[PDB]
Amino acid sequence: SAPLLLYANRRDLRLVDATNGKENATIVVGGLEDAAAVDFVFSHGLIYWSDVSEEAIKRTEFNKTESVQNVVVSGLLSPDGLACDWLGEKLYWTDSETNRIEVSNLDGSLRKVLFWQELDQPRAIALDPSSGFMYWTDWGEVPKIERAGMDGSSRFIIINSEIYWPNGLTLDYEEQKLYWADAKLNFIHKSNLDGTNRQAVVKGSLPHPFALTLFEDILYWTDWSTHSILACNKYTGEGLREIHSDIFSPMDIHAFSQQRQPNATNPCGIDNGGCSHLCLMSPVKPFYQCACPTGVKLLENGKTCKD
């Protein structure tokens, strides 16, 4: 029951079968320069990626025959991480040169800067859309893991000790756990979603992990120095093994499955929450929050932007 694994590889995006990892990975899209971040919206048949050399986030329709690459967001100086909100239908990303976290619609419209302070080397970003929380890492001068509302609210640091290069970050939606990989301290740890009850999973000897994902009882990650995809048990850290090797330059990775984007009700309902522009997920009732593009004022009714 292992999944397909979707990963960026700088020059292309690939899919590999975690049950037949020895076999050749299939190319999803090619002709890329430095594809780094990757994510998907399974029910929409979309795969997204960042290309840090083309300074863009792009998408492709993976259920269509034609393999088309459409630019969604451009002018991104270093888009090191992205996440797809499959519930509110939004695109989130980090930029480690402009030091920002930003959101837009799935087509790149209505861009809004959410955070632009106290960031240095923001990197991974993961979402819990049905709870309205976003999580990210920063491996800069103050390395940390943070969480906030997907609406930009209640930003808090949840991990800031025993941490240096937090590259990989994912969520276990069945167990309600956060997992991350630190490429300088060479481990994988987990905690509750507020950072409490931190536990080691893989204690050491991970030479340079970059990205981490999860499916059922198995963790999967990419490692820059081994040029490979590894797997282990998500509870014990045992059964450590190499899924797929001799990868050109492995980058971001996901378990590619509808089951990793569980169906839920969008609290915005059928009318975009009455929001004129953005209807973002939020961690407090009524669990959505209207928002406007960068610099645009939200009126006092909390729904309408000033056009």
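Heads up: residue numbers just count along the shown sequence, starting at 1.
| query | Of 109-117 and 229-237, which one has the bigger average CA B-factor? | reply | Per the PDB entry, the higher value belongs to 229-237.
| task | Would you tell me which stretch averages the higher CA B-factor in the PDB entry, 5-13 or 283-291? | result | Higher of the two, by average CA B-factor, is 283-291.
| field | Highest-ranked of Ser53, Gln69, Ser50, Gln261 once sorted by CA temperature factor in the record | value | When the deposited C-alpha B-factors of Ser53, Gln69, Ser50, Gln261 are compared, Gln69 is largest.
| query | According to the deposited entry, which of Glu97, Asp217, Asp151, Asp138 has the largest Cα B-factor? | reply | Of the candidates given, the C-alpha B-factor peaks at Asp217.
| Third of chain Cα B-factors occupied by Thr170 | Its C-alpha B-factor belongs to the lowest third of this chain's values.
| task | Comparing against every modelled residue in the chain, figure out the third that the C-alpha B-factor of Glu61 lands in (lowest, middle or highest). | result | CA B-factor rank for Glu61: middle third.
| query | By the record's CA B-factor, is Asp85 among the lowest, middle or highest third of residues in the chain? | reply | As the PDB entry reports it, the C-alpha B-factor of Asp85 lands in the lowest third of its chain.
| task | Determine, from the deposited record, the chain-internal third of the Cα B-factor for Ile101: lowest, middle or highest. | result | Tercile = lowest for this residue's CA B-factor.
| task | Going by the recorded CA B-factors, say which third of the chain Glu33 sits in, lowest, middle or highest. | result | It belongs to the middle third of the chain when residues are ordered by C-alpha B-factor.
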